[PDB]
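Presented below, as structure tokens, is a lone chain in the form deposited in one PDB entry.
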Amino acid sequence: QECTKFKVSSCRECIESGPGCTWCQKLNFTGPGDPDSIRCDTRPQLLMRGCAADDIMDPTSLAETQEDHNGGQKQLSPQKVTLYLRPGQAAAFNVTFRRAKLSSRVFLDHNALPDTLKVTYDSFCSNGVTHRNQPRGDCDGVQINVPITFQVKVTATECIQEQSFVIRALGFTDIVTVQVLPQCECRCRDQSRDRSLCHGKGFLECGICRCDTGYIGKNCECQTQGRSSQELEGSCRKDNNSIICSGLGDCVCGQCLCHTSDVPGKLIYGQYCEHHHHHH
């Protein structure tokens, strides 16, 4: 929790909806009556609905760090950082400053960023003052050979374009190079290893079948044979102002297939899944 979403139709659209949002790519996850957007929810919700660990798509903001050989750099480490940023979720990483002669007071800052990137600093000073969530790193009472730590937190407001920026301690030539990359795309299972997926009449895209022309259904199971995909839906809805199969079933090649329940003695029946029995 929490995931706010509206009629999401792809894994990326789900990820973009907020850091609490995750996407279930499980084949047939959306049973009768359930639209594609049910695939997008908080991790605990999907788990509870039977989405397995390998089927929850949930890329996360993260930092990778690299240090050059030695000399290299002396005072700031690490020398290279790569961030993968999911919108709304901070990536955190630590920069160490090691005084050599100067200076007693040390500030940490970065070059101007686009409005899409928010950066704050925690300062873990040795004197031992602590600052948190500040626009700049700031430590007084810095001493030679006793390293100080700054925690850098970077948040993107969108799926950003790959860019770089630098972090520097004021008065020093040292550079921390920060590579910034988006983390918005899902790594989903494609249909390469099974020609029967989506009945071999559509493309599998993070659990959703995108059916070839002349085929409809969650699994592309229904050939239309030019009966319009409308005519077909018409025998699944009671009136033009009503919803298909009462919101409780799928229109499967012109006929409602109703949600089955594990609850005794619940039965959803009728031409449009309109009869909701509690005593069957």
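C-alpha atoms forming the largest set that superposes within 1.5 Å between two forms make up the rigid core. Numbering starts at 1 and runs along the sequence shown.
A second form of this protein, the form deposited in another entry, is not displayed here; the remarks below concern that form.
- Positional change of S10 between this form and the one not shown stays under 2 Å at the C-alpha, relative to the superposed core.
- Relative to the superposed core, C245 shifts its CA atom by 2 Å or more between this form and the one not shown.
- The rigid-core alignment places the CA of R132 less than 2 Å apart between this form and the one not shown.
- By 3 Å or more, the C-alpha separation between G249 and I38 grows in that other deposited form relative to the form shown here.
- The pair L248 and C21 separates in that other deposited form: their C-alpha atoms are at least 3 Å more distant from each other than in the form depicted.
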